[PDB]
Amino acid sequence: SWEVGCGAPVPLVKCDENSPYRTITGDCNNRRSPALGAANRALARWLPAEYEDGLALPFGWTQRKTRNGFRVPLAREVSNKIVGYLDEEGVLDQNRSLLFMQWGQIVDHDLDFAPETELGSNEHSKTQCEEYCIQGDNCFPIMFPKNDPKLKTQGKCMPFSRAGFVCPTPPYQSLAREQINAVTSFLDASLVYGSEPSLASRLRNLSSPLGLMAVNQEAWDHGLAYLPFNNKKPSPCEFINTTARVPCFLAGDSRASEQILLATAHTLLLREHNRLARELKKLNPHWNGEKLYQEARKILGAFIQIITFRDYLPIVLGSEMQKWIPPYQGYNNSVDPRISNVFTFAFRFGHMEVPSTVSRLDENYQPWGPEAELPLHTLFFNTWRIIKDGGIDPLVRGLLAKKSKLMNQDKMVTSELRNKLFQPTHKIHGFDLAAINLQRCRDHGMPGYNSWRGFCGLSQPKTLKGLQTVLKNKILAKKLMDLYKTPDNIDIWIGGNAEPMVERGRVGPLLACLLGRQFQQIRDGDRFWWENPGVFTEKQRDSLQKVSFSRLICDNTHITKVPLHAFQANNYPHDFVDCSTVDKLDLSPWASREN
Ligand SMILES: *[C@@H]1O[C@H](CO)[C@@H](O[C@@H]2O[C@H](CO)[C@@H](O[C@@H]3O[C@H](CO[C@H]4O[C@H](CO)[C@@H](O)[C@H](O[C@H]5O[C@H](CO)[C@@H](O)[C@H](O)[C@@H]5O)[C@@H]4O)[C@@H](O)[C@H](O[C@H]4O[C@H](CO)[C@@H](O)[C@H](O)[C@@H]4O)[C@@H]3O)[C@H](O)[C@H]2NC(C)=O)[C@H](O)[C@H]1NC(C)=O
Ligand code: HEM
Ligand SMILES: *[C@@H]1O[C@H](CO)[C@@H](O[C@@H]2O[C@H](CO)[C@@H](O)[C@H](O)[C@H]2NC(C)=O)[C@H](O)[C@H]1NC(C)=O
Ligand SMILES: *[C@@H]1O[C@H](CO)[C@@H](O)[C@H](O)[C@H]1NC(C)=O
Ligand SMILES: *[C@@H]1O[C@H](CO)[C@@H](O)[C@H](O)[C@H]1NC(C)=O
Ligand SMILES: [Ca+2]
Ligand SMILES: [Ca+2]
Ligand SMILES: [Ca+2]
Ligand SMILES: [Ca+2]
Ligand SMILES: [Ca+2]
């Protein structure tokens, strides 16, 4: 006796037959089940939640409550002993540019966001959580182990607030706690346009019927747009430099300014919307502002889909690409398009691809000024370095000419993220994204490593020797077993990322299976998938086949030279060609119509 009932706060829209464009919320995509893939609903559960009390309390909440007869290890102790390293020499990916990392974060932000519970401000709560490190309600602090240097320097804990959950986000109900996905499950450019009607309207220029997105009125980049500023206070981007006082950008996704290169990629995408709207207006002078905005939005969504499925996923999944994501055969309205709770952890493989520095390069691909290269941690919520230090071109040149970090069993997550993370309202460059990922796995009720191995038809190692064989690494398996005591208790984020990479890929078997299944479902379960008959025309699909990140750069910067294959390692000048050489997006098939 089902009860798909619950989903309380409700962006409840009824669905119009033969409606020509996506909703902003993702409602009405699936005709039979219109909430499927819509924002502000529960993450899908591919397996039942696993909580200390079967309902809502994370493993690790109650010190004396074991998981399978063993205490779960402190998130920070796993971080310190397994995830950390000192030496950045030799850690770079010799065949992935920095754009490979950056596109991952972009796609991730299109697909999923499980924000911390509201509780608001004006409350003795997250203040107390930060101050006194007392576990209670939504305060689930990351406690330092006795030997942790941060115990000496930073107090007894890293504050950590539990993720929001659907129906109530205060009291609770008699099924398990289900965390919210606040963005649309569809790969639909929700990170540009918003997943909520109010934000989507606020992002638009509704003054002119030109179908444009709002742009910064305070600063321009050699005549090219910046995103608008978010004028909400306090601003973490003002906080990190109170002399410069440059606010965060406002985008479709709340996280756009988290680091300077995310903000950079957001800037490219916004510019591309306005370039498309202007061109469609020239082609189609009688199209109104709503029509121009929707047609540009639809093209930019197809661009994101094609870059992702054609260029990115093959070099993530390598040999597993054909196993999990066969050639597209059409829309299947029986496929669940919802992002799963586990996927939101599987996609954090990107955290091990983030290198320790960011470079700005000039028109000659040489160092931009006397501090061309900067430590990553100085660039969290850093917008002033864009406006006041050369705009986005030097940063885009670095995305092309510099490399991603290569995942390494001995060098997993750079100290820029593992020790120097900045979080809004928490003042210090002193947080640990790895420990946060582990604590969040437990927050979200994640089944352990072997449950997911089973889910993926893979062996479930029970002993040291079994884990050493799966990981192909004796020392890492010994460190895992000393902390976790059974592979059944290994948190999915660390167990998935501990596996050796598949041939031609950048994730191991378990991740290839969880990522592949999810990407297959968001493609096959999307009625507005670019290649679905009647979404675009035959002639439009032919034009769309020629999109490239290189053309996106040529069209929306003053960069003269780009590589043809932007995700691989490219060196200047050898691998860089003139922009005039790069295929263009031919918009002539968007002519209203012809004869
Ligand atoms: C939404 O979309 C709209 C337009 O589609 C955007 O509105 C336009 O914004 C830009 C600013 O970013 C304005 O450009 C300025 O233009 C002046 C030159 O003014 C002349 O030409 C204008 C463009 O055709 C025209 O609009 C002007 O006409 C208005 O003003 C006169 C009074 O002068 C009035 O008589 C008319 O009736 C109109 O009301 C005029 O003919 C230019 O000098 C400005 O430069 C100064 O400021 C910039 C900083 O932005 C600085 O760099 C310069 O060096 C200099 O100090 C500036 O370029 C344009 O005027 C706006 N159009 C309208 C109709 O208002 C809007 O910005 C979008 N909003 C968002 C949030 O994205
Ligand atoms: C410098 C780069 C990056 C920074 C600073 C960063 C920071 C963060 C932070 C602070 C969180 C929230 C953690 C939590 O509270 O649980 C997060 C979540 C996440 N990150 Fe990263 N990250 C980066 C790069 C990447 C990359 C490259 C990928 C993927 C390829 C990625 C995928 C994700 C995903 C999926 C989440 C969870 C989103 C959700 O809530 O559903 N990130 N990241
Ligand atoms: C905050 O931003 C300001 C710029 O607004 C940075 O100051 C500039 O940086 C160096 C000073 O060593 C010089 O090139 C400029 O003369 C400075 N300008 C001003 C106005 O001071 C400053 O370094 C940033 N500070 C931090 C902590 O990031
Ligand atoms: C780099 O990777 C791409 C696939 O992403 C491939 O075409 C090329 O052979 C690789 N180059 C090297 C040097 O391995
Ligand atoms: C449609 O989806 C269902 C559920 O994934 C699946 O069982 C069925 O085989 C799919 N149809 C295809 C592949 O045509
Ligand atoms: Ca739903
Ligand atoms: Ca989306
Ligand atoms: Ca522009
Ligand atoms: Ca800096
Ligand atoms: Ca090792």
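Residues numbered from 1 in each chain as written, not as in the entry; some residues may be left out. Chains lettered and ligands numbered in written order. Heavy atoms only, no water.

Structure determination for this PDB entry is given in the record as X-ray crystallography, at a resolution of 1.933 Å.

## Description of helix α17 (residues 464-471)
What counts, and what does not: Categorising residues by exposure relies on relative accessible area from a 1.4 Å probe, with only protein chains included: less than 20% of the type maximum marks a residue as buried, more than 50% marks it as exposed, and the intermediate range marks it as partly exposed. Strands are runs of DSSP state E lasting at least two residues, helices are runs of H or I lasting at least four, and both sets are numbered from the N terminus onward. Here the arc refers to the directions that run from the helix axis out to each C-beta atom. Contact definition: two residues touch when any of their heavy atoms are within 4.5 Å. Two N or O atoms count as a polar contact when they lie within 3.5 Å, although within protein this holds only if one can serve as hydrogen donor and the other as acceptor, and sequence-adjacent residues are included solely when both atoms are side-chain atoms.
Along α17, the residues that are buried comprise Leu467, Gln468, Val470 and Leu471. Angularly, the buried residues of α17 cover 165 degrees about the axis, an arc narrow enough to put them on a single face. In α17, the exposed positions angled more than 90 degrees off the buried face are occupied by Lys465 and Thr469. For α17, the elements touching its buried residues are α16 (449-455), α18 (474-484) and α19 (492-498). Put simply, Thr463 is the residue that caps the front of α17, since its side-chain oxygen is 3.4 Å from the backbone nitrogen of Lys465. Once α17 finishes, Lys472 follows within two positions and takes phi at roughly 55 degrees, a positive value.

## Some details on the coordination of the iron atom of ligand 2
Put simply, the rule is: Donors, by definition, are the N, O and S atoms found within 2.8 Å of a metal, the threshold being 3.2 Å for Na, K and Ca, and water is not counted, so a site can look incomplete.
Exactly one donor from the protein chain reaches the iron atom of ligand 2: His351 (NE2), at 2.0 Å. By secondary structure assignment, the location of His351 is in the loop between α11 (343-346) and β6 (357-359).

## What about the UniProt feature "binding site: Zn(2+)" (unreviewed entry) in the protein?
For clarity, the threshold we go by: UniProt positions are given in the numbering used here, feature names are shortened, and annotations may be inferred rather than shown by experiment.
The UniProt feature table records "binding site: Zn(2+)" (unreviewed entry) at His222 and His558. In summary, the annotated positions, though distributed over 337 residues, converge in three dimensions, the widest C-alpha pair being only 8.4 Å. Mapped onto the elements, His222 comes out in the loop between α6 (197-203) and α7 (236-239). Ignoring anything within four residues of it in the chain, the contact list for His222 reads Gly390 and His558. Note that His558 resides in the loop between α22 (549-556) and β11 (561-562). Aside from chain neighbours lying at most four places away, what touches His558 is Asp221, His222, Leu224 and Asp393.

## Structural notes on the packing of helix α1 (residues 75-83) against helix α15 (residues 433-443)
When two helices pack together, their arrangement is captured by the angle between the axes and the distance separating the axes. The condition is simple: Between N-to-C directions, angles cover 0 to 180 degrees, with each direction set by a line fitted to C-alpha atoms, over the stretch in contact for helices. These descriptions rest on fixed angle ranges, namely under 35 degrees for roughly parallel, over 145 for roughly antiparallel, 65 to 115 for roughly perpendicular, and the rest for oblique. By definition, any crossing whose near helix is turned counterclockwise from its far helix by less than a right angle is left-handed, and any crossing with a clockwise turn is right-handed. For this classification, the nonpolar set comprises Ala, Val, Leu, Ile, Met, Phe, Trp, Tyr, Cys and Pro, the charged set comprises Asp, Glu, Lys and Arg, and every other residue, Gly included, is treated as polar.
Here α1 crosses α15 at 135 degrees, and the two axes come no closer than 8 Å. Judged by the angle between their axes, α1 and α15 are oblique. As α1 runs across α15, the sense of the crossing is right-handed. Packed against α1, whose contacting residues are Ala75, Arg76, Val78, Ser79 and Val83, the element α15 presents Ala434, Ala435, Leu438, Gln439 and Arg442 at the interface. Among the residues making up the contact of α1 with α15, the classes are represented as six nonpolar, two polar and two charged.

## With respect to the packing of α1 against α18
At a minimum axis separation of 10 Å, α1 and α18 run at an interaxial angle of 165 degrees. Here α18 runs roughly antiparallel to α1, going by the angle between their axes. Seen from above, α1 lies across α18 with right-handed handedness. Packed against α1, whose contacting residues are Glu77, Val78, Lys81 and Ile82, the element α18 presents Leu476, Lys479, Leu480, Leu483 and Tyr484 at the interface. Residues that form the contact of α1 with α18 fall into these classes: six nonpolar, no polar and three charged.

## Comments concerning the site of ligand 1
What counts here: For this purpose, a residue is taken to be near a molecule or strand whenever a single non-hydrogen atom of the residue falls within 4 Å of it. Residue exposure ignores everything except the shown protein chains as possible cover, and the areas themselves are Shrake-Rupley values with a 1.4 Å probe.
As a matter of local geometry, ligand 1 sits amid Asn205, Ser208, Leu210, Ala214, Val215, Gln217 and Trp220. In this structure, an oxygen atom belonging to ligand 1 sits 3.4 Å away from a side-chain N or O atom of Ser208. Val215 is positioned with one of its backbone polar atoms (N or O) 3.1 Å from an oxygen atom of ligand 1. Protein chains shield 21% of the accessible area of ligand 1, which is 1,200 Å² for the free molecule. Here the residues of the shell around ligand 1 sort into four nonpolar, three polar and no charged.

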